[PDB]
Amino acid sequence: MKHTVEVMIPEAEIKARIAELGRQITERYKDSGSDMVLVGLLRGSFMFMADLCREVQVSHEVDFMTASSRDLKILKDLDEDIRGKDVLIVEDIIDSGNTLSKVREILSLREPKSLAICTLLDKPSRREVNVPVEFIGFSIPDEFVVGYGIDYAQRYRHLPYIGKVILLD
C-alpha cells in the first residue's frame, strides 16, 4: 500500500483510439447481415463497453456475463442467445488470458455465427494461454495500471484515463 496514481494514457487518447476501433469493428461487420451482440465481462469492461458500443456503427445488442477469476465458472450468464449471431467479447484488459480463453470456449458451444475479442489494453508479455484477440486498443508493458474499469483496492475504477500506480516507499 501507500501510493500515488499518475496519468499513463490520457482520456483524449483513449477516446480517439476507441473511435478508431469503432470504425474497424464497423468496417468488419457492416455486411454480415446477421444479428450482432457485444458481450462484456463484468466488472472491468462496463466503461470500455459503454464507450465502444457507441462507436460501433452496426445495429447490435449489448450484454454482459461474469466469470470466476482454479476452475472457471459462470457467475452470471448472458440474457441474449448468441446462436447464429456475430459475437464480440469486449474486455478492458488481457494479460494471462486464461479466463478469457475458457469464456470463449463456453460461448462457442452455443454456436454463434462468429466469435471475436476486443480489448482496450493488452499485456502480451503476461500471456499464459494462446488466445485469439482480434482488436486491441493499446499494447502495453506489464505496468501497474488502474482506471477505465480497472481498480486497485476498490479505487480508481472510475478514472477516465489509464493510470499508473506508484508504490511509495
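From 1 onward, residues are counted along the sequence shown.
Relative to the deposited sequence, how many residues with no modelled coordinates occur between residue 69 and residue 70 (none, 1 to 3, 4 to 9, 10 or more)? The entry has a gap there, with 4 to 9 residues left out between residue 69 and residue 70.
Going by the average Cα B-factor in the PDB entry, point out whether 149-157 or 12-20 comes out higher. Stretch with the higher mean C-alpha B-factor: 149-157.
On average, which has the higher Cα B-factor in the deposited entry, 108-116 or 26-34? Averaged over C-alpha atoms, the B-factors run higher in 26-34.
What third of the chain, by the recorded C-alpha B-factor, contains residue 130? Highest third, going by the recorded CA B-factors of the chain.
Modelled-residue ranking by C-alpha temperature factor, third containing residue 92: Bottom third by C-alpha B-factor.
If you rank the chain by CA B-factor, which third does residue 51 end up in: lowest, middle or highest? It falls in the bottom third of the chain.
Going by what the PDB entry lists, where does residue 65 fall on CA B-factor within its chain: lowest, middle or highest third? Highest third - that is where residue 65 ends up once the chain's C-alpha B-factors are sorted.
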